[PDB]
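Protein chains in written order, with the entry's author numbering: chain YYY, 38 to 532; chain YYY', 38 to 532; chain YYY'', 38 to 532. A prime marks a further copy of an entry chain.
Note that CB positions come from ideal geometry on N, CA and C, so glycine has one too.
The structure under discussion appears below in the form of C-alpha cells.
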Ligand code: HEC
Ligand code: HEC
Ligand code: HEC
Ligand code: HEC
Ligand code: HEC
Ligand code: HEC
Ligand code: HEC
Ligand code: HEC
Ligand code: HEC
Ligand code: HEC
Ligand code: HEC
Ligand code: HEC
Ligand code: HEC
Ligand SMILES: [Ca+2]
Ligand SMILES: [Ca+2]
Ligand SMILES: [Ca+2]
C-alpha cells in the first residue's frame with residue numbers, strides 16, 4: 038500500500054521507486070504506520086534509527102562496523118605527552134578546554150561513548166559502567182555509560198559539550214533536529230546537552246552515508262550541505278564548476294544531499310573537517326557569538342593556507358591564548374580540506390579506498406570494510422591493492438617517511454611558537470609597548486593557524502605533504518618574525 | 038639431636054616441628070654446631086645465608102630466580118629522558134641525588150650489583166668487573182663488581198648510599214642487624230656503608246619471604262614489621278581490624294612476622310613501598326634528622342592522598358627544591374600502598390598472581406616463577422590465566438589504555454609543576470613578597486607530593502587507576518592555584 | 038701495449054704490475070686511449086668514474102651497494118624532535134644552518150641525492166623528480182633529482198652547500214679536484230656549488246676504498262691524507278709511531294694513500310669524522326675564514342676530549358650561539374675519532390667487521406656486504422659472528438644498554454645546556470657584568486663541545502662508552518659551573 042503513503046510523501050517515492058531497495062516494505066523500518074493511516078498525520082510512525090535493520094540484509098558491513106579489535110598499544114592516547122602527536126599542546130592551547138583532555142581517535146563504534154566520557158565534555162558526568170574493564174564495549178550508549186548526575190564533580194574536567202557536537206557522532210537525531218539546529222525540532226543548538234545525550238543510543242548510522250529509501254550514496258550533515266550550497270562551483274568537492282549533490286529539503290525542516298556516484302570525500306567530510314560548533318568571540322567588537330548564531334554550526338571547507346582569512350572574514354575566533362591574548366582559531370581534524378587537491382585526490386582516489394579497503398567475509402563475499410582502517414596497520418589492502426609493485430615495507434616506508442619529514446616541521450613550528458609565547462611574556466615584563474605586543478599577537482595568530490591545523494589533522498602530512506610543508510614553514514617564519522620584533526622592541530625600551 | 042638445640046632455642050622448635058621442613062637436619066643450614074655444643078654459646082654456629090641450599094630441594098624456584106634473560110631494549114634505562122617514565126625529573130627533583138642517575142628496575146638477581154654501581158650510590162666507587170660486557174652477570178656481588186677504592190673520583194656521581202639501603206637488596210644481614218638498625222649488631226644505620234657492602238654477597242634471599250625452619254610465609258624486614266605493629270587494625274594489609282602477622286622477637290634483637298596464609302602484598306611490601314631510609318630535615322626547626330633518628334628507617338604504609346599529611350605529622354622532609362626551596366618529600370616505588378584498595382586488591386588478588394605466575398619446569402612440575410614477570414611481556418600467564426575470555430591483544434590493550442590515560446595526567450602534572458617552578462623564579466625576580474612565595478612553596482609541596490608518587494611508582498596507574506587520577510588531577514589543581522597566586526602577586530607588585 | 042702507457046705513467050705501473058688486476062686492459066676503464074697516443078698528451082683519455090665497471094667482475098659488492106631496502110619506520114628522520122637523537126637541537130644550535138633540517142643517515146646509495154635535497158643545502162633548489170614516491174630511487178643523481186633553478190625560493194631553507202661537501206659524497210671528482218681543493222682543477226673550494234653538483238652522477242665510488250690499478254686498499258680523501266701526513270706517528274690510525282699509509286702524489290696535483298693491509302677505520306674515516314668544510318670565524322680577531330683558507334677543508338682527527346683545544350689552537354669556530362654569543366664548534370659524525378682506542382679498536386676490530394659483515398650471494402659465494410649494516414638490525418652477522426656465545430637478544434641488550442646509559446647522560450647534558458642558555462638570557466636582562474657573561478660564554482663553549490660531539494656521532498656511545506661518559510659528564514659539570522656563576526652574579530647585582 039506504499040502508493041497510499043506516496044500520496045503525501047512524494048520525495049520518498051522519487052528516492053525509492055526503481056531503486057535497489059524498491060521491494061522493501063515500509064513496515065521493515067517504520068512502526069505505527071496503521072495508526073498513522075487510521076488516525077491521520079497527527080500520529081507519526083516510529084522510525085527507529087538502527088544499524089541492526091540494515092544489518093539484517095547487509096551483515097558484512099554491519100559486522101565489520103561493530104567488530105571489536107584491541108590495539109595492543111591501548112587507546113585513550115593523550116596527544117599532549119612528550120612522545121605524542123601534540124607534545125606542546127598544554128602550552129600552545131593554554132586557555133582552551135582541549136588542555137583538560139584530547140586523545141587520539143579510535144574506532145567508529147566508540148564515537149558516542151568517547152565523546153560523552155572525555156574529561157572535556159561535561160565535567161566527568163558520564164563514565165563507563167564498570168570502568169576500564171568495559172572500555173572496549175560496543176553497542177548502545179546507555180548500556181555502556183552511566184550518568185553520575187548533574188551535581189557530581191570530577192576534578193580537572195571541562196564543560197565543552199553542546200548539542201551540535203552530537204551531529205558528528207550519531208544519525209539518531211536525523212528526524213529530531215531542524216536544519217543547522219535552528220529552533221523547531223525536539224533538539225536545537227540551544228538545547229541542554231544533558232537532555233540531548235539521553236536520545237543518543239547509537240554511533241554514526243548506516244543512514245549517514247546511504248539513503249534508506251533508495252540506497253543512494255548521500256550526506257545528511259546540515260553544516261556540510263550548507264557549505265556546499267554556499268559555494269556550489271568552487272568548493273573542495275566540485276568539478277567543472279559543479280558539485281555532484283542534489284539537495285532534497287523535507288518540509289523546510291531537514292535536508293539530505295544525494296550524489297549520483299559515491300564520493301567518500303563528501304561522506305567522510307560530514308565529520309572529518311574543521312568546523313565551528315562552539316561559542317566564540319567576534320574579532321571587531323569582542324562580543325560573544327552564542328548558539329543563537331549560525332557561526333556555531335559552521336563548516337568552512339577551507340585548508341590551512343585559507344582558514345585564518347576565512348575566520349577573519351566571518352569575524353570569529355575561538356579563544357584568547359592564556360599568555361599572549363592572541364585571538365586564536367581552534368582547529369579540529371581537517372582531513373577532507375587537507376586531502377583536497379593532494380596527489381591521491383587529483384588521481385581520483387577517495388578516503389574509502391585507503392580506509393575502507395576490500396576484504397572478504399563469511400563464505401567469501403567481497404565488501405568494503407566498515408571498520409575504518411589505519412592504513413599503516415593494513416598496507417596490503419590499503420596501499421598494495423593499488424600500488425601492486427609495493428612490498429609491505431615499501432608502503433610503510435612511504436607513509437612513515439612523509440610523516441617523519443612533516444613531524445620534523447611540526448615539532449620545529451612548536452619550538453618556535455613556544456619561543457614566541459615565552460618571548461612575549463618577557464617583552465610584557467620588560468614593559469614593551471602594547472602597540473608592538475599587538476604586532477606580536479598578529480604573528481602568534483598566523484603561526485598558530487599554520488601549526489595547529491596539523492596537530493588537529495590526523496595524517497601528520499600524509500594526506501597533503503606539500504600543503505603541510507608550506508603551512509608549517511609559514512608557521513615557523515611567522516613565529517621567527519614575532520620573536521625578532523619582540524626581541525628588537527626589548528632592546529629599544531632600555532636603549 | 039635437635040632436642041639438645043631446642044633446649045635453648047624454643048622459637049625455632051615452634052616454627053620447625055610438624056612443619057614441611059621437619060625432617061631437615063640443623064647441619065644442612067648451620068655449620069660449627071659441634072663447636073657450639075662442645076665449647077658452649079660463646080662459639081656461634083655459622084649460618085650461611087644462601088639461595089643454593091634452598092635450591093638443592095627447590096630447584097625450579099632457584100633456577101627461575103637466577104635465570105638470565107636479555108630484554109632487547111636493554112637495561113639501565115634512565116627515567117629522566119624525553120620518552121622516559123619521568124621526563125622532567127632533572128627540573129622537578131633539582132637538588133636531589135636522583136638527578137645524578139635513576140634507572141628503571143630490572144630483575145631481582147641484579148638488585149645488589151645495581152644498587153652498588155648506580156651513579157648516585159658511592160661516587161662511582163663500585164663498577165662491573167670487565168664493564169658493560171658483564172652487565173648481565175648474576176650471582177655473587179664481588180664476583181661481579183670491583184671496588185675502585187675510597188679515594189677514586191667519578192664525575193657527576195653522588196653519595197646517597199647508606200646501610201639501611203641494603204635492607205631492601207639482600208637477606209645477608211638477617212643475623213647481623215639489630216631491629217631498625219639501632220646499635221648492637223655487626224652493622225647499624227650509622228655504619229660506614231663501605232664496610233656493609235663487603236658483607237653483601239647475594240640479592241634478596243629465599244628466607245626473605247619463606248621461614249627456613251618451618252617454610253611459613255613470612256617477612257623479615259624490620260621497617261615493615263614496625264609499621265604493621267604501630268597500626269595493627271587499620272594498616273593496608275589488615276582485614277576485620279586485624280593483620281595476619283604473628284611477630285616473633287628473637288633475644289630482643291631481631292623480629293620476623295609469620296603469616297598463616299601467603300600474603301605477597303606483605304612479602305613484596307618488604308621493598309616495594311615508599312620509605313624513608315636517608316637523612317632529612319625537620320619542617321618545624323630546620324634541624325637535621327640523622328641516622329640516630331628512627332625516621333631514617335621508616336615505612337609510612339600511606340598512599341598518594343595521605344603521604345603529605347603523614348610526613349608533616351612526623352615533622353620530616355627530604356630536600357628543599359633547588360629553585361622554590363619547597364620542603365619536598367622524596368617518593369620511592371609505593372607499589373603496595375598504591376595496590377591497596379584497588380579493584381584487584383578488593384578481589385583478593387595479590388602481587389604474586391600477576392608477577393610470579395604459574396609455569397612448568399624440568400619434566401613439567403608446576404611452580405610460581407621466582408623470576409618476577411613484567412605482565413605486559415607475559416599476558417597469557419599474568420592476565421589470561423584468570424581473565425580466560427581475554428585475548429593477548431585485549432590484555433595488552435587493558436594495561437596500555439590505563440597507562441595511557443594515567444601518563445596523560447602524569448605529563449600534564451609535570452607541565453604544571455614546571456610552570457609553577459618557572460613562575461616562582463619569575464615572581465622572585467619581580468620581588469614578589471616572601472609571604473606570597475611561602476604560599477606558593479606550600480602549593481609546590483602539595484603538587485609535588487601528588488605527582489612524584491606516580492613517577493616513583495612503577496605501574497603508571499595500572500595498580501590503582503582511580504587513586505592515580507585523583508592524585509594527579511589534585512597535583513595539576515595545586516600547581517594551577519600556585520601559578521594563579523604567583524601571577525596575581527606579580528601584577529600587585531607593579532600595580 | 039700498456040708498456041707504451043707505462044713510459045709516462047710510472048706510478049700506475051707500480052700499483053698495477055703483479056697485482057690482482059694485472060690482466061685488465063687499460064681500455065676497460067679508459068676511453069680515447071688511441072687519440073691520447075696518436076694526438077699526444079693534450080687529448081686526455083676519458084676516465085668514467087663508474088661502479089658498474091667494477092660490478093662487471095665484482096657483482097655481489099656492486100649489487101649489495103645498490104640493493105634497495107625499505108626501513109618500515111621510514112627515512113628523513115629529523116633529529117630535532119622530542120623522541121629524536123637531538124631533541125634540544127633547535128635551542129642548542131640556535132644560529133646554525135642545522136636548525137633548518139638535520140636528518141639521521143640512511144644508505145650509501147642515497148648520499149648525493151640526500152646532500153643535494155636537504156633543506157639546509159641550497160634553498161630547496163634540488164628536489165626528487167616525482168617527489169616522495171621516488172624517495173627510495175637509487176642510481177644516477179640527475180635521473181633522481183631535478184633542478185628548480187637558481188631563482189626559485191623554498192621557505193625555511195639554508196645555503197650551507199659548498200664544493201668541499203661533495204668530497205664526502207662521491208669519487209666523481211677524483212681527477213677534477215687538486216689536493217685540498219686549492220685552485221688548478223676543474224673545481225676548487227671557491228667554485229659555485231651549483232656548477233659542481235652537475236658533475237656528480239654517482240655516490241661514493243668503488244675507487245674510494247679500492248685502487249682501480251692494483252686493487253690495493255686505499256683512501257683518496259685529501260683532508261684525511263693531509264691529517265695523517267701532519268701527524269704520522271701519533272694519529273688515531275698509527276701503531277708503533279707509524280701509520281700503514283704510502284702516499285702517492287700524481288703530478289703534484291692529487292694524492293692517494295695505499296695501505297699494505299685493509300684498515301676500514303681509515304677507509305670509513307674518509308667521511309665518518311669531524312671535519313671543517315665550511316667558512317667560520319677566527320677566535321682572536323673575529324675575522325672571516327673563507328674558502329681561500331685551508332681550514333675550510335680540514336680533518337682534526339681528535340676526539341671529544343681534545344676538539345675544543347684543537348679548534349682554539351687553529352684559531353677557528355663555526356658560529357656564535359644566537360643567545361649566548363658563545364664561539365661554538367659545530368661537530369659532525371666523529372665515528373672514527375670516537376671508535377679510536379675503544380674496547381673493539383684495542384681488540385683489532387675494524388668498522389667493516391660490524392658494518393660490512395660476511396653474507397653469501399648468488400649461488401653462495403661469501404662476500405663483505407657493501408650495503409652498510411645497522412648492527413642492531415643484523416646482530417647475527419654484525420655481532421654473534423664473533424661473539425658466538427651471544428643470543429640475538431643478548432646482542433641487542435648489550436647495544437641498547439650502552440645506548441640507554443649514554444643517552445641518559447646526553448639528555449641530562451642537554452637539560453643543563455638549556456638551563457645555561459636560559460640563565461644567561463636572564464643574567465643579561467638582570468644587567469649582569471659583560472665580564473661575568475664572558476666567563477659563562479667559556480662554560481657554554483666547553484659544555485657545548487662535550488655535548489654536541491655525541492648527537493653528531495651516530496652510535497649514542499656504543500663506539501666508546503667510557504669516552505662518552507667522560508665527555509657528557511664533563512659537559513654537565515661545565516654547564517652547572519656556568520649556571521652557578523651566572524646565578525651568583527645575578528644575586529651580586531641586586532645585593
Ligand atoms: C497524507 C494523508 C499522508 C498519508 C497517506 C501518509 N502520511 Fe506519513 N505523514 C504525513 C504528514 C502530514 C506527516 C507529518 C507532518 C509533520 O511535519 O509533522 C507525516 C509524517 C510521517 C513520518 C514522520 C517523519 C518525522 O518527522 O518523524 C513518517 C516516517 C511517515 N509519515 C511515513 C508514512 C508511511 C510509511 C505511510 C504509508 C503507510 C504514510 N506516511 C502515509 C502525511 C501522510
Ligand atoms: C561523523 C558521524 C563521522 C563520519 C561520517 C566519519 N567519521 Fe571517522 N571518526 C569519527 C569519530 C568521532 C572518530 C573517533 C571515534 C572515537 O571513539 O575515538 C573517528 C575515527 C576514524 C578513524 C580512526 C579509526 C581507528 O582508530 O580505529 C579513521 C581512520 C576514520 N575515522 C576515518 C573515516 C573515513 C575514511 C570516513 C568516511 C568513510 C569516516 N571516518 C567517517 C567521526 C566520523
Ligand atoms: C564534525 C564536524 C564534528 C563536530 C561538530 C565534533 N566532532 Fe568530535 N570528532 C570528530 C571526528 C571526525 C573525530 C575523529 C578525529 C579526531 O581528530 O579525533 C572526532 C573525535 C572526538 C573525540 C575523540 C578524540 C578526542 O578528542 O579525545 C572526542 C572526545 C570528541 N570528538 C568530542 C567532541 C565534542 C565534545 C564536540 C563538541 C564540542 C565535538 N566532538 C564536535 C568530528 C566532530
Ligand atoms: C590513501 C591514499 C589515503 C586516502 C585517500 C586518505 N587517507 Fe587518511 N590516512 C592515510 C594514511 C597513510 C594515514 C596515516 C596514519 C595511518 O594509519 O597510516 C591516514 C590517516 C588518517 C586518519 C587518522 C587515523 C588513521 O587512520 O591512523 C584519519 C581520521 C583519516 N586518515 C581520514 C581520511 C579521510 C576522511 C580521507 C578522505 C578525505 C582520507 N583519510 C583519505 C591514507 C589515506
Ligand atoms: C644452650 C645451652 C644452647 C644449646 C644446647 C644450643 N644453643 Fe645455639 N645458641 C645459644 C645461645 C645462648 C646463643 C647466642 C647468644 C647470643 O645472643 O649471642 C646461641 C646461638 C646460636 C646461633 C647464632 C645466631 C646468630 O646470632 O648468628 C645459631 C644458628 C644456633 N645457636 C644454633 C644451635 C643449634 C643448631 C644447636 C643444636 C646443635 C644449638 N644451637 C644448641 C644457646 C644454645
Ligand atoms: C635451612 C633450611 C635451615 C635448617 C634446616 C635449619 N635452620 Fe636455623 N636458620 C637458618 C637461617 C637461614 C637462619 C637465619 C635467620 C632466619 O630466620 O632466617 C637460621 C637461624 C637460626 C637461629 C638463630 C635464631 C635467633 O636466635 O635469632 C637458630 C638458633 C637456628 N637457626 C637453629 C636451628 C636448629 C636448632 C635447627 C635444627 C632443628 C635449624 N636451625 C635448622 C636456616 C636453617
Ligand atoms: C627487596 C628485598 C625486594 C622484595 C622483597 C621484592 N622486590 Fe621486586 N625489586 C626489587 C629491586 C631492588 C628491584 C630492582 C632490581 C634491579 O637490579 O634493578 C626489583 C624489581 C622488580 C621488578 C622488575 C623485574 C624486571 O624488570 O625484570 C618487578 C616486577 C618486581 N620487582 C616485583 C616484585 C614482587 C611482585 C615482589 C613480591 C613477590 C617483589 N618484587 C619483591 C626489590 C624487591
Ligand atoms: C625498601 C623499602 C627499599 C629501600 C630502603 C631502598 N630501596 Fe632501592 N629499590 C627498591 C625497590 C623495590 C626497587 C625496584 C623498584 C624501583 O622503582 O626501582 C629499588 C630499586 C633500586 C635501584 C635500581 C633502579 C634505580 O633507581 O636506578 C637502585 C640503584 C636502588 N634501588 C638504590 C637504592 C639506594 C642507593 C638506597 C638507599 C638510599 C635504596 N635503594 C633504598 C627498594 C628499596
Ligand atoms: C595484576 C592484577 C597485578 C597485580 C595484582 C600487581 N601488579 Fe604490579 N604490575 C602490573 C601491570 C600490568 C604493570 C605494568 C607494567 C607491566 O609490566 O605490565 C605492573 C607493574 C609493576 C612493576 C613495575 C615492573 C613491571 O612489572 O613492569 C612493579 C615493580 C610491580 N608492578 C610490583 C607489584 C607489587 C609489589 C604488587 C602487589 C603490591 C603488584 N605489582 C601487584 C600488574 C599487577
Ligand atoms: C707520454 C708520451 C705518454 C704516453 C705514451 C701516454 N700518456 Fe697518458 N698522459 C700523459 C700526460 C703528459 C698526461 C697529462 C698531463 C696533464 O697533467 O694534463 C697524460 C694523461 C693521462 C690521463 C688523464 C688523467 C686526468 O687528469 O684525467 C689518463 C687516464 C692517461 N693519461 C692514460 C694513458 C694510457 C691508458 C696510455 C697508454 C694507452 C697513456 N696514457 C699513454 C702522457 C702519456
Ligand atoms: C664518504 C664518501 C663515506 C664513506 C667513505 C663512508 N660513508 Fe658511511 N655514510 C656516508 C653518508 C653521506 C651517509 C648518509 C647517506 C644518506 O643519504 O643519508 C652514510 C651512511 C652510513 C650508515 C647508515 C646506513 C643506513 O642507515 O642504511 C652506516 C652504518 C655507515 N655509513 C657506515 C660506514 C662504514 C662502516 C664505512 C667504511 C666501510 C663508511 N660508512 C664509509 C658517507 C660515507
Ligand atoms: C666528510 C668529512 C664529510 C663532509 C665534508 C660532509 N659530510 Fe655530510 N655526511 C657525512 C657522513 C659520514 C654522513 C652520514 C653520517 C651522519 O651523521 O649523517 C653525512 C650525512 C649527510 C646528510 C644526511 C644526514 C643529514 O644531515 O640530513 C646530509 C644532508 C649531508 N651529509 C650534507 C652535507 C653538506 C651540505 C656538507 C657541506 C656543508 C656535508 N655534508 C659535508 C660526511 C661528510
Ligand atoms: C662493532 C663492534 C662495531 C664497530 C667496530 C663499529 N661500529 Fe659503528 N655502530 C655499531 C653499533 C652497535 C651502532 C649503533 C646503532 C646500530 O645500528 O646498532 C653503531 C652505529 C654506527 C653508525 C650509525 C648508523 C647505524 O649503523 O645505525 C655509523 C654511521 C657507524 N656506526 C659507523 C662506524 C664507523 C665508521 C666505524 C669504524 C670507525 C664503526 N662504526 C665501528 C657497531 C660498530
Ligand atoms: Ca574549529
Ligand atoms: Ca621517601
Ligand atoms: Ca665541524
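- Message: At the level of alpha carbons, what is the spacing between residue 184 (chain YYY) and residue 164 (chain YYY)?
- Response: Sequence index remark: in the first chain, residue 184 (chain YYY) carries index 147 (1-based). Sequence index remark: in the first chain, residue 164 (chain YYY) carries index 127 (1-based). Computed Cα separation, rounded: 7 Å.
- Message: I want to check one thing, is the minimum distance from the CB of residue 340 (chain YYY') to the heavy atoms of ligand 14 below 6 Å?
- Response: Here residue 340 (chain YYY') corresponds to residue number 303 of the second chain, with the count starting at 1. Answer for residue 340 (chain YYY'): no, Cβ out of range of ligand 14.
- Query: Under 7 Å between the Cβ atoms of residue 332 (chain YYY) and residue 326 (chain YYY)?
  - Reply: Residue 332 (chain YYY) sits at position 295 when you count from the first residue of the first chain. Residue 326 (chain YYY) sits at position 289 when you count from the first residue of the first chain. Yes, the Cβ-Cβ distance between residue 332 (chain YYY) and residue 326 (chain YYY) is below 7 Å.
- Query: With 7 Å set as the bound, which would you pick, yes or no: does the beta-carbon of residue 113 (chain YYY'') sit closer than that to a beta-carbon of chain YYY?
  - Reply: Stepping through the third chain from its first residue, residue 113 (chain YYY'') is reached at position 76. Judged by the 7 Å Cβ criterion, residue 113 (chain YYY'') is in contact with chain YYY.
- Task: Note down, in chain order, all residues in the stretch 421 to 442 of chain YYY' with a beta-carbon under 9 Å from any beta-carbon belonging to chain YYY''.
- Result: none
- Residues near residue 135 (chain YYY) in its chain [Cβ-Cβ closer than 6 Å; skip 5 each side]: In the first chain, counting from the first residue as 1, residue 135 (chain YYY) sits at position 98. Counting only Cβ-Cβ distances below 6 Å, and skipping sequence neighbours, we find nothing.
- Message: Starting from residue 182 (chain YYY), trace the beta strand (DSSP E) in both directions and tell me its first and last residue.
- Response: As a first step, residue 182 (chain YYY) must be located in the first chain, where it is residue number 145. Residues 182 to 184.
- Message: Count Cβ pairs between the stretch 82 to 91 of chain YYY' and the stretch 123 to 139 of chain YYY' that sit closer than 8 Å; are there 3 or more?
- Response: no
- Cα-Cα separation, residue 524 (chain YYY'') to residue 464 (chain YYY''): Residue numbering aside, residue 524 (chain YYY'') sits at position 487 when the third chain is read from its first letter. Residue numbering aside, residue 464 (chain YYY'') sits at position 427 when the third chain is read from its first letter. The alpha-carbon atoms of residue 524 (chain YYY'') and residue 464 (chain YYY'') are separated by roughly 7 Å.
- Message: 7 Å is my cut-off, CB to CB: does residue 147 (chain YYY') come that close to chain YYY''?
- Response: Stepping through the second chain from its first residue, residue 147 (chain YYY') is reached at position 110. No, residue 147 (chain YYY') does not count as interfacial toward chain YYY''.
- At which residue ranges does the stretch 352 to 430 of chain YYY contain complete alpha helix (DSSP H) runs of 4 or more residues, listed in the order of the chain? 372 to 376, 380 to 383, 388 to 392
- Message: For residue 485 (chain YYY') and residue 456 (chain YYY'), I'd like the C-alpha separation in whole angstroms.
- Response: In the second chain, the residue the question calls residue 485 (chain YYY') occupies position 448. In the second chain, the residue the question calls residue 456 (chain YYY') occupies position 419. Taking C-alpha positions only, residue 485 (chain YYY') is separated from residue 456 (chain YYY') by approximately 12 Å.
- ligand 6 heavy atoms versus the CB of residue 94 (chain YYY'): any closer than 6 Å? Reading the second chain from its first residue, position 57 is the one you call residue 94 (chain YYY'). Residue 94 (chain YYY') Cβ: outside cutoff for every heavy atom of ligand 6.
- Please confirm if the stretch 380 to 396 of chain YYY' is in contact with the stretch 294 to 304 of chain YYY', defined as three or more CB-CB distances below 8 Å between the two stretches. yes
- Indicate whether the contact test is met: 3 or more Cβ pairs, each with one atom in the stretch 246 to 259 of chain YYY'' and one in the stretch 51 to 63 of chain YYY'', closer than 8 Å. yes
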